[PDB]
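Containing CSV, C-alpha atoms and all ligand atoms: run-v6.csv.
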```csv
chain,number,residue,atom,x,y,z
A,108,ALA,CA,20.0,-3.3,1.9
A,109,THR,CA,17.9,-3.8,5.1
A,110,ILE,CA,15.0,-6.3,4.8
A,111,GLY,CA,11.7,-4.7,3.8
A,112,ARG,CA,8.2,-6.0,4.7
A,113,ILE,CA,4.9,-5.6,2.8
A,114,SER,CA,1.6,-5.9,4.8
A,115,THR,CA,-0.9,-8.4,3.5
A,116,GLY,CA,-3.9,-6.4,4.5
A,117,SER,CA,-4.7,-8.7,7.4
A,118,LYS,CA,-3.3,-8.1,10.9
A,119,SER,CA,-3.7,-11.8,11.7
A,120,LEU,CA,-1.7,-13.0,8.7
A,121,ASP,CA,0.9,-10.2,9.2
A,122,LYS,CA,1.6,-11.5,12.8
A,123,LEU,CA,2.1,-15.0,11.5
A,124,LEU,CA,4.6,-13.7,9.0
A,125,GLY,CA,6.5,-11.5,11.4
A,126,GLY,CA,5.2,-8.3,9.9
A,127,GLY,CA,4.4,-9.2,6.3
A,128,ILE,CA,6.1,-10.7,3.2
A,129,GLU,CA,9.9,-9.9,3.1
A,130,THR,CA,12.1,-8.4,0.3
A,131,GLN,CA,15.2,-10.5,-0.5
A,132,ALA,CA,13.0,-13.6,-0.3
A,133,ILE,CA,10.7,-15.9,-2.3
A,134,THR,CA,7.3,-16.5,-0.6
A,135,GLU,CA,5.3,-19.5,-1.9
A,136,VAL,CA,1.6,-19.9,-1.2
A,137,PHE,CA,0.0,-23.3,-2.1
A,138,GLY,CA,-3.5,-24.9,-1.8
A,139,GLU,CA,-6.6,-26.2,-3.6
A,140,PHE,CA,-8.4,-24.5,-6.5
A,141,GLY,CA,-10.6,-21.8,-5.0
A,142,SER,CA,-8.6,-21.3,-1.7
A,143,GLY,CA,-7.9,-17.6,-2.4
A,144,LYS,CA,-4.2,-17.5,-3.6
A,145,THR,CA,-5.0,-15.0,-6.4
A,146,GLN,CA,-7.0,-12.7,-4.1
A,147,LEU,CA,-3.9,-12.5,-1.9
A,148,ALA,CA,-1.8,-11.6,-5.0
A,149,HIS,CA,-4.2,-8.8,-6.0
A,150,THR,CA,-4.2,-7.4,-2.4
A,151,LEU,CA,-0.3,-7.2,-2.3
A,152,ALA,CA,-0.1,-5.4,-5.6
A,153,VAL,CA,-2.0,-2.5,-4.0
A,154,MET,CA,-0.5,-2.7,-0.4
A,155,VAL,CA,3.1,-2.3,-1.7
A,156,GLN,CA,2.3,1.1,-3.1
A,157,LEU,CA,1.4,2.7,0.3
A,158,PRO,CA,4.0,4.5,2.5
A,159,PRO,CA,5.9,2.6,5.2
A,160,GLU,CA,3.7,4.2,8.0
A,161,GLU,CA,0.8,2.2,6.4
A,162,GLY,CA,2.6,-1.0,5.7
A,163,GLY,CA,3.9,-0.4,2.1
A,164,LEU,CA,7.2,0.5,0.5
A,165,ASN,CA,6.2,3.1,-2.1
A,166,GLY,CA,6.9,0.4,-4.7
A,167,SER,CA,6.2,-0.5,-8.4
A,168,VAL,CA,4.9,-3.9,-9.3
A,169,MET,CA,5.7,-6.5,-12.1
A,170,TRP,CA,3.1,-9.3,-12.7
A,171,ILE,CA,3.5,-12.6,-14.7
A,172,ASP,CA,0.1,-14.2,-15.5
A,173,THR,CA,-0.1,-17.9,-16.7
A,174,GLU,CA,-3.9,-18.5,-16.6
A,175,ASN,CA,-5.6,-15.2,-17.5
A,176,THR,CA,-6.6,-14.5,-13.9
A,177,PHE,CA,-5.5,-10.9,-13.4
A,178,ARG,CA,-8.5,-8.5,-13.1
A,179,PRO,CA,-7.9,-4.7,-13.3
A,180,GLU,CA,-11.5,-4.1,-12.1
A,181,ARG,CA,-10.6,-6.0,-8.9
A,182,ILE,CA,-7.4,-3.8,-8.5
A,183,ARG,CA,-9.5,-0.7,-8.8
A,184,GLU,CA,-11.9,-1.9,-6.1
A,185,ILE,CA,-9.2,-2.7,-3.6
A,186,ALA,CA,-7.3,0.6,-4.2
A,187,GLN,CA,-10.5,2.7,-3.9
A,188,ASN,CA,-11.2,1.0,-0.5
A,189,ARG,CA,-7.6,1.5,0.7
A,190,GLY,CA,-7.7,5.3,0.2
A,191,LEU,CA,-5.5,5.3,-3.0
A,192,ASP,CA,-6.3,6.6,-6.5
A,193,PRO,CA,-7.2,3.6,-8.7
A,194,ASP,CA,-5.7,5.1,-12.0
A,195,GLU,CA,-2.3,5.8,-10.3
A,196,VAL,CA,-2.3,2.3,-8.8
A,197,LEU,CA,-2.8,0.5,-12.2
A,198,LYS,CA,-0.2,2.8,-13.8
A,199,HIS,CA,2.5,1.3,-11.5
A,200,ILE,CA,1.8,-2.4,-12.3
A,201,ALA,CA,3.6,-3.8,-15.4
A,202,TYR,CA,1.6,-6.8,-16.8
A,203,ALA,CA,2.6,-9.7,-19.1
A,204,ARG,CA,0.9,-13.0,-20.0
A,205,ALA,CA,3.1,-16.2,-20.4
A,206,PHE,CA,2.3,-18.2,-23.5
A,207,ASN,CA,4.1,-21.4,-22.4
A,208,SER,CA,6.8,-22.4,-19.9
A,209,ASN,CA,9.8,-21.4,-22.1
A,210,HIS,CA,8.3,-17.9,-22.7
A,211,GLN,CA,7.6,-17.7,-18.9
A,212,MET,CA,11.4,-18.3,-18.4
A,213,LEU,CA,12.3,-15.5,-20.9
A,214,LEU,CA,9.9,-13.0,-19.2
A,215,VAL,CA,11.9,-13.1,-16.0
A,216,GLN,CA,15.1,-12.3,-17.9
A,217,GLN,CA,13.3,-9.4,-19.5
A,218,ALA,CA,12.0,-8.2,-16.2
A,219,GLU,CA,15.6,-7.4,-15.1
A,220,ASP,CA,15.7,-4.5,-17.7
A,221,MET,CA,12.8,-2.6,-16.3
A,222,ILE,CA,14.0,-3.3,-12.7
A,223,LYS,CA,17.4,-1.5,-13.6
A,224,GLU,CA,15.5,1.3,-15.2
A,225,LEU,CA,13.5,2.1,-12.1
A,226,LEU,CA,16.2,1.4,-9.5
A,227,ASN,CA,17.1,5.0,-8.7
A,228,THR,CA,13.7,6.6,-9.0
A,229,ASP,CA,11.1,7.4,-6.3
A,230,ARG,CA,9.1,4.3,-7.3
A,231,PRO,CA,11.6,1.3,-7.7
A,232,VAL,CA,10.3,-2.2,-8.3
A,233,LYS,CA,9.5,-3.8,-4.9
A,234,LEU,CA,7.2,-6.7,-5.8
A,235,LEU,CA,7.4,-9.5,-8.5
A,236,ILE,CA,4.4,-11.8,-8.9
A,237,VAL,CA,4.2,-15.2,-10.7
A,238,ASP,CA,0.7,-16.6,-10.8
A,239,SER,CA,0.7,-19.5,-11.5
A,240,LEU,CA,4.2,-20.7,-11.3
A,241,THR,CA,3.7,-24.4,-11.9
A,242,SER,CA,0.7,-24.7,-14.3
A,243,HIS,CA,2.6,-24.7,-17.7
A,244,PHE,CA,5.4,-27.0,-16.4
A,245,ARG,CA,2.7,-29.6,-15.2
A,246,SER,CA,0.7,-29.7,-18.5
A,247,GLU,CA,3.8,-29.8,-20.8
A,248,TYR,CA,5.8,-32.6,-19.0
A,249,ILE,CA,3.6,-35.7,-18.6
A,250,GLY,CA,4.8,-39.1,-17.3
A,251,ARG,CA,7.6,-40.4,-15.1
A,252,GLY,CA,10.0,-40.5,-18.1
A,253,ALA,CA,9.7,-36.7,-18.5
A,254,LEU,CA,10.0,-35.8,-14.8
A,255,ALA,CA,13.8,-35.3,-14.7
A,256,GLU,CA,13.5,-32.7,-17.5
A,257,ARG,CA,10.7,-30.9,-15.8
A,258,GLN,CA,12.7,-30.7,-12.6
A,259,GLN,CA,15.8,-29.4,-14.4
A,260,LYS,CA,13.8,-26.5,-16.0
A,261,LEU,CA,12.0,-25.7,-12.7
A,262,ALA,CA,15.2,-25.5,-10.8
A,263,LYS,CA,16.8,-23.0,-13.2
A,264,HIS,CA,13.7,-20.8,-13.2
A,265,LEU,CA,13.6,-20.7,-9.3
A,266,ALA,CA,17.4,-19.8,-9.2
A,267,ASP,CA,16.7,-16.9,-11.7
A,268,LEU,CA,14.0,-15.6,-9.3
A,269,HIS,CA,16.2,-16.0,-6.2
A,270,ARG,CA,18.9,-13.9,-7.9
A,271,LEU,CA,16.5,-11.0,-8.7
A,272,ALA,CA,15.1,-11.0,-5.1
A,273,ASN,CA,18.5,-10.7,-3.5
A,274,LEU,CA,20.4,-8.6,-6.0
A,275,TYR,CA,17.7,-5.9,-6.3
A,276,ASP,CA,15.9,-5.9,-2.9
A,277,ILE,CA,12.5,-7.2,-4.2
A,278,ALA,CA,9.8,-9.4,-2.7
A,279,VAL,CA,9.0,-12.4,-5.0
A,280,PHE,CA,5.5,-13.9,-4.5
A,281,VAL,CA,4.4,-17.1,-6.3
A,282,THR,CA,1.3,-19.3,-6.3
A,283,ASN,CA,1.0,-23.1,-6.7
A,284,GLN,CA,-2.2,-25.3,-7.1
A,285,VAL,CA,-2.0,-28.6,-5.2
A,286,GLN,CA,-4.8,-31.1,-4.8
A,287,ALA,CA,-5.8,-34.8,-4.8
A,300,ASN,CA,-5.9,-35.0,-8.6
A,301,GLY,CA,-2.6,-33.2,-9.3
A,302,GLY,CA,-0.1,-30.7,-8.2
A,303,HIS,CA,3.3,-30.6,-6.5
A,304,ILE,CA,4.9,-28.4,-3.9
A,305,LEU,CA,8.3,-26.9,-4.9
A,306,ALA,CA,10.2,-28.9,-2.2
A,307,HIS,CA,12.7,-26.8,-0.3
A,308,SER,CA,13.3,-24.1,-2.9
A,309,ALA,CA,11.3,-21.0,-1.8
A,310,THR,CA,12.4,-19.0,1.3
A,311,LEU,CA,9.1,-19.5,3.0
A,312,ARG,CA,6.1,-21.9,2.4
A,313,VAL,CA,2.5,-20.9,3.3
A,314,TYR,CA,-0.4,-23.5,3.2
A,315,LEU,CA,-3.8,-21.9,2.4
A,316,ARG,CA,-7.3,-23.5,2.8
A,317,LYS,CA,-11.0,-22.6,2.9
A,318,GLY,CA,-12.9,-23.0,6.3
A,319,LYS,CA,-16.5,-22.9,7.6
A,320,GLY,CA,-18.5,-19.8,6.6
A,321,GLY,CA,-15.9,-18.9,3.9
A,322,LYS,CA,-13.1,-18.0,6.3
A,323,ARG,CA,-9.6,-18.6,4.9
A,324,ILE,CA,-7.0,-20.2,7.1
A,325,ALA,CA,-3.1,-20.0,6.7
A,326,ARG,CA,-0.3,-22.0,8.3
A,327,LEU,CA,3.5,-22.0,8.0
A,328,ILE,CA,5.0,-25.2,6.6
A,329,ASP,CA,8.2,-26.1,8.3
A,336,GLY,CA,-0.5,-21.2,15.3
A,337,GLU,CA,-2.8,-20.3,12.4
A,338,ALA,CA,-4.0,-17.0,10.9
A,339,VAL,CA,-7.7,-16.5,9.9
A,340,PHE,CA,-9.2,-13.8,7.5
A,341,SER,CA,-11.9,-12.8,5.0
A,342,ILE,CA,-12.0,-11.9,1.3
A,343,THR,CA,-13.7,-8.4,1.1
A,344,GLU,CA,-13.9,-5.1,-0.8
A,345,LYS,CA,-10.6,-4.3,0.8
A,346,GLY,CA,-8.9,-7.3,-0.7
A,347,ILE,CA,-8.4,-9.4,2.5
A,348,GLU,CA,-8.9,-8.3,6.1
A,349,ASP,CA,-9.3,-9.8,9.6
B,401,LIG,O1,8.8,-6.1,-20.5
B,401,LIG,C1,8.1,-6.6,-19.5
B,401,LIG,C2,6.9,-6.0,-19.1
B,401,LIG,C3,6.1,-6.6,-18.1
B,401,LIG,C4,6.5,-7.7,-17.5
B,401,LIG,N1,6.0,-8.4,-16.5
B,401,LIG,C5,6.9,-9.5,-16.2
B,401,LIG,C6,7.9,-9.4,-17.1
B,401,LIG,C7,7.7,-8.3,-17.9
B,401,LIG,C8,8.5,-7.8,-18.9
```
Represent the structure of the file as structure tokens.
Ligand SMILES: Oc1ccc2[nH]ccc2c1
Amino acid sequence: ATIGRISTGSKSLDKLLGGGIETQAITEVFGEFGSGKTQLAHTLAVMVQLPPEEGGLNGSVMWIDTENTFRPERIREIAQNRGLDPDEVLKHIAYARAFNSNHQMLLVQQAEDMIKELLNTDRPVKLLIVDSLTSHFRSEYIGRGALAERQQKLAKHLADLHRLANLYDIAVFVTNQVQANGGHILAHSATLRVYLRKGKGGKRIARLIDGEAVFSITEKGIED
């Protein structure tokens, strides 16, 4: 397949990305609590359902939640203000809550069955979200003695996600909380790393790790 691109809602961030987030890739966004990673995830789940003339891919969505942070009312607000029907948008998002890190690993395997089901329809899966990818692993494996086991399990989970992205032409989008009092970047595993932070007057600022884009959080999700 050719490489597909999903607009983020912001022309500034799209330019930084070369057009938007790519299919056949894992995109990792990281930053402090409150920086807006989950608002970017909600915006993409709506943007992907637009036609290509408007920056979408006529796609279906699959969402794995680890912290109870998905909000259908927020999805309805973004859709209504992007000219789509809110009921139709929610109908094409498949949602599951991960109980712990082992169950989170099984949910990715289960996702592959719905992906095959939709593959030859007019609304195939084009976006897979994991928010938050690291939270269960961090709280379950504490200490230096337990680090090697935590890294083993994380490495396998990332390889599972890479396989789905490439075999089925899907954009994988994952969030990771990193601050002074805890949190670790996924080293070199994702295809692309994006650093997110809050600036003066509630502007959000993004930079590619290995110029900068600037945007706001609004009724449209995010915009310049
Ligand atoms: O069977 C399902 C339904 C929704 C999902 N979201 C993520 C995995 C998954 C599996």
Using all atoms listed in the file, tabulate the residues of chain A lying at most 9 Å from any atom of ligand LIG 401 (chain B), each with its closest atom pair and that distance in Å to one decimal, by chain and increasing residue number, as CSV.
```
residue,atom,partner,partner_atom,distance
A:168,CA,B:LIG401,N1,8.6
A:169,CA,B:LIG401,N1,4.8
A:170,CA,B:LIG401,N1,4.9
A:171,CA,B:LIG401,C5,4.8
A:172,CA,B:LIG401,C5,8.3
A:200,CA,B:LIG401,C3,8.4
A:201,CA,B:LIG401,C3,4.6
A:202,CA,B:LIG401,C3,4.7
A:203,CA,B:LIG401,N1,4.5
A:204,CA,B:LIG401,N1,7.7
A:205,CA,B:LIG401,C5,8.8
A:211,CA,B:LIG401,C6,8.5
A:213,CA,B:LIG401,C6,8.4
A:214,CA,B:LIG401,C6,4.6
A:215,CA,B:LIG401,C6,5.6
A:216,CA,B:LIG401,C6,7.8
A:217,CA,B:LIG401,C8,5.1
A:218,CA,B:LIG401,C6,4.4
A:219,CA,B:LIG401,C8,8.1
A:220,CA,B:LIG401,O1,7.6
A:221,CA,B:LIG401,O1,6.8
A:235,CA,B:LIG401,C5,7.7
A:236,CA,B:LIG401,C5,8.1
A:237,CA,B:LIG401,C5,8.4
```
Next on the checklist: Between A:255, A:153, A:113, A:339, which residue has the minimum interatomic distance to residue 277 in chain A, considering all atoms listed in the file?
Outcome noted: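 Residue with the minimum atom-to-atom distance to residue 277 in chain A: A:113.
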Please build the interface table for range 189-303 of chain A against range 177-184 of chain A with a cut-off of 9 Å, listing for each qualifying residue the nearest atom pair and the distance in Å to one decimal; count all atoms listed in the file, order rows by chain and increasing number, and write it as CSV.
```
residue,atom,partner,partner_atom,distance
A:189,CA,A:184,CA,8.7
A:192,CA,A:183,CA,8.3
A:193,CA,A:183,CA,4.9
A:194,CA,A:183,CA,7.6
A:196,CA,A:183,CA,7.8
A:197,CA,A:182,CA,7.3
A:202,CA,A:177,CA,8.9
A:238,CA,A:177,CA,8.8
```
Checklist entry - Nearest to residue 176 in chain A: which of A:148, A:234, A:261, A:124 is it, counting all atoms listed in the file? => result A:148
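If you look at CA of residue 287 in chain A and CA of residue 120 in chain A, they are 26.0 Å away from each other.
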Item to check | 8 Å contact set for range 239-241 of chain A, only C-alpha atoms, chain neighbours under 3 positions out, as a ChimeraX atom specification | outcome: /A:172-174,244-245,281-284
Once you have the residues from the selection above, write them out as a compact mmCIF listing (two decimals), in the frame of the given file, restricted to C-alpha atoms.
```
# COMPACT_ATOMS: atom_id res chain seq x y z
CA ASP A 172 0.10 -14.20 -15.50
CA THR A 173 -0.10 -17.90 -16.70
CA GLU A 174 -3.90 -18.50 -16.60
CA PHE A 244 5.40 -27.00 -16.40
CA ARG A 245 2.70 -29.60 -15.20
CA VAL A 281 4.40 -17.10 -6.30
CA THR A 282 1.30 -19.30 -6.30
CA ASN A 283 1.00 -23.10 -6.70
CA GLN A 284 -2.20 -25.30 -7.10
```
Checklist entry - Just how far from CA of residue 133 in chain A is CA of residue 300 in chain A, in Å to one decimal? => result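 Interatomic distance here is 26.1 Å.
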Checklist entry - Using all atoms listed in the file, which residues sit within 10 Å of residue 164 in chain A once same-chain residues fewer than 5 positions away are excluded, as JSON, numbers by chain? => result {"A": [111, 112, 113, 114, 154, 155, 156, 157, 158, 159, 230, 231, 232, 233, 234]}
Item to check | Pick from A:346, A:138, A:336, A:302 nearest to residue 188 in chain A, counting all atoms listed in the file | outcome: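 Using all atoms listed in the file, the shortest distance to residue 188 in chain A belongs to A:346.
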Next on the checklist: Between A:206, A:340, A:137, A:275, which residue has the minimum interatomic distance to residue 309 in chain A, considering all atoms listed in the file?
Outcome noted: A:137
Using all atoms listed in the file, determine which residues lie at most 12 Å from residue 343 in chain A, disregarding the query and same-chain residues fewer than 2 positions distant; provide the list as a short mmCIF file (atom, residue, chain, number, x, y, z; two decimals) with C-alpha atoms, in the coordinates of the input.
```cif
data_model
loop_
_atom_site.label_atom_id
_atom_site.label_comp_id
_atom_site.auth_asym_id
_atom_site.auth_seq_id
_atom_site.Cartn_x
_atom_site.Cartn_y
_atom_site.Cartn_z
CA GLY A 116 -3.90 -6.40 4.50
CA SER A 117 -4.70 -8.70 7.40
CA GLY A 143 -7.90 -17.60 -2.40
CA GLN A 146 -7.00 -12.70 -4.10
CA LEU A 147 -3.90 -12.50 -1.90
CA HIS A 149 -4.20 -8.80 -6.00
CA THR A 150 -4.20 -7.40 -2.40
CA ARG A 181 -10.60 -6.00 -8.90
CA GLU A 184 -11.90 -1.90 -6.10
CA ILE A 185 -9.20 -2.70 -3.60
CA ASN A 188 -11.20 1.00 -0.50
CA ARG A 189 -7.60 1.50 0.70
CA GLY A 321 -15.90 -18.90 3.90
CA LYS A 322 -13.10 -18.00 6.30
CA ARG A 323 -9.60 -18.60 4.90
CA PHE A 340 -9.20 -13.80 7.50
CA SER A 341 -11.90 -12.80 5.00
CA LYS A 345 -10.60 -4.30 0.80
CA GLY A 346 -8.90 -7.30 -0.70
CA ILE A 347 -8.40 -9.40 2.50
CA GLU A 348 -8.90 -8.30 6.10
CA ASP A 349 -9.30 -9.80 9.60
#
```
Checklist entry - Do you have the CA of residue 145 in chain A-CA of residue 128 in chain A distance handy? => result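 Answer for the CA of residue 145 in chain A to CA of residue 128 in chain A separation: 15.3 Å.
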From the structure block, carefully write range 187-246 of chain A out with C-alpha atoms; format it as an mmCIF file, in the first residue's frame.
```
data_model
loop_
_atom_site.group_PDB
_atom_site.id
_atom_site.type_symbol
_atom_site.label_atom_id
_atom_site.label_comp_id
_atom_site.auth_asym_id
_atom_site.auth_seq_id
_atom_site.Cartn_x
_atom_site.Cartn_y
_atom_site.Cartn_z
ATOM 1 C CA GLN A 187 -20.371 18.666 15.364
ATOM 2 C CA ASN A 188 -17.819 21.490 14.848
ATOM 3 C CA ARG A 189 -16.038 19.668 11.973
ATOM 4 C CA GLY A 190 -19.280 19.295 9.991
ATOM 5 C CA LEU A 191 -19.863 15.566 10.646
ATOM 6 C CA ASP A 192 -22.799 13.713 12.261
ATOM 7 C CA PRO A 193 -21.869 12.926 15.898
ATOM 8 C CA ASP A 194 -23.871 9.637 16.114
ATOM 9 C CA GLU A 195 -22.178 8.274 12.954
ATOM 10 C CA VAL A 196 -18.722 9.271 14.255
ATOM 11 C CA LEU A 197 -19.180 7.423 17.610
ATOM 12 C CA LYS A 198 -20.542 4.347 15.760
ATOM 13 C CA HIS A 199 -17.169 3.925 13.949
ATOM 14 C CA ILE A 200 -15.019 3.990 17.125
ATOM 15 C CA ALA A 201 -14.508 0.614 18.898
ATOM 16 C CA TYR A 202 -13.681 1.147 22.606
ATOM 17 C CA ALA A 203 -12.078 -1.086 25.310
ATOM 18 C CA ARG A 204 -10.660 -0.409 28.807
ATOM 19 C CA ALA A 205 -7.436 -2.254 29.827
ATOM 20 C CA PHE A 206 -7.613 -3.730 33.372
ATOM 21 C CA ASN A 207 -3.832 -4.238 33.755
ATOM 22 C CA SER A 208 -0.761 -4.628 31.518
ATOM 23 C CA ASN A 209 -1.326 -8.348 30.657
ATOM 24 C CA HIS A 210 -4.906 -7.636 29.553
ATOM 25 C CA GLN A 211 -3.655 -4.632 27.532
ATOM 26 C CA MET A 212 -1.350 -7.056 25.684
ATOM 27 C CA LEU A 213 -4.256 -9.460 24.933
ATOM 28 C CA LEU A 214 -6.463 -6.588 23.614
ATOM 29 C CA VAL A 215 -3.982 -5.879 20.785
ATOM 30 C CA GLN A 216 -4.177 -9.537 19.695
ATOM 31 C CA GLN A 217 -7.998 -9.344 19.787
ATOM 32 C CA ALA A 218 -7.941 -6.131 17.738
ATOM 33 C CA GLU A 219 -6.542 -8.116 14.781
ATOM 34 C CA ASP A 220 -9.874 -9.983 14.383
ATOM 35 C CA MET A 221 -11.973 -6.827 13.917
ATOM 36 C CA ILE A 222 -9.290 -5.420 11.605
ATOM 37 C CA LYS A 223 -9.611 -8.486 9.314
ATOM 38 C CA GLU A 224 -13.412 -8.211 9.425
ATOM 39 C CA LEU A 225 -13.395 -4.593 8.156
ATOM 40 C CA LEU A 226 -10.471 -4.904 5.704
ATOM 41 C CA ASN A 227 -12.501 -5.092 2.484
ATOM 42 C CA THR A 228 -15.397 -2.768 3.425
ATOM 43 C CA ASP A 229 -15.886 0.955 2.686
ATOM 44 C CA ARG A 230 -14.764 1.820 6.271
ATOM 45 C CA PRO A 231 -11.603 -0.260 7.054
ATOM 46 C CA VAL A 232 -9.651 0.328 10.318
ATOM 47 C CA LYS A 233 -7.165 3.213 9.724
ATOM 48 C CA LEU A 234 -6.341 4.347 13.301
ATOM 49 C CA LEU A 235 -5.358 2.438 16.472
ATOM 50 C CA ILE A 236 -4.966 4.446 19.735
ATOM 51 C CA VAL A 237 -3.231 3.359 22.990
ATOM 52 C CA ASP A 238 -3.691 5.973 25.776
ATOM 53 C CA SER A 239 -1.770 5.565 27.964
ATOM 54 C CA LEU A 240 0.762 3.030 26.752
ATOM 55 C CA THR A 241 3.156 3.008 29.743
ATOM 56 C CA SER A 242 0.974 3.626 32.842
ATOM 57 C CA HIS A 243 0.214 -0.053 33.818
ATOM 58 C CA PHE A 244 3.822 -1.170 33.164
ATOM 59 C CA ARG A 245 5.197 1.620 35.404
ATOM 60 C CA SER A 246 2.968 0.918 38.426
#
```
